[PDB]
Ligand SMILES: [Cu+]
């Protein structure tokens, strides 16, 4: 089984996939985010955030209110299962999480800085 995924966020405010599959056998899962292109993080920075689909809008609302100073996430938001740092072009970050925190239950990933950038994460 594959228990990681490589995802890209580019200068055109897009991830290169809208769906991630987590094998049901994985006990941990790693997301390796990178940023092809050339725009720095103060122009077009990206992160990767995981929550349930049901919680996404709530996380984004409270993130927006928290602002740039907090990378557009409410600090310690219990709805956020995992997240990366904000990265600019040429930079990378990885986050690993325990699959036991996933159930049910439909999950989504998104960029907190640019919440139009989204996709689904599913156990398979
Ligand atoms: Cu982004």
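Here chain A follows Swiss-Prot for its numbers: 21-123, 125-133, 136-139, 141-148, in order, are the residues you see.
So this one's X-ray crystallography, 1.6 Å, going by the header.
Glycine residues also receive a Cβ, built from the backbone N, Cα and C atoms like all the rest.
Per Swiss-Prot, these features apply:
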type: DISULFID; residues: 23-46; note: disulfide bond
type: BINDING; residues: 66, 132, 137, 141; note: Cu cation binding site
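The most densely surrounded of the recorded positions 46, 132, judged by C-beta neighbours within 10 angstroms, is 132.
Note: the Cu cation site is recorded as 66, 132, 137, 141; in the same chain, 29, 33, 35, 67, 131, 133, 136, 138, 139 also have Cβ atoms within 8 Å of that site's Cβ centroid.
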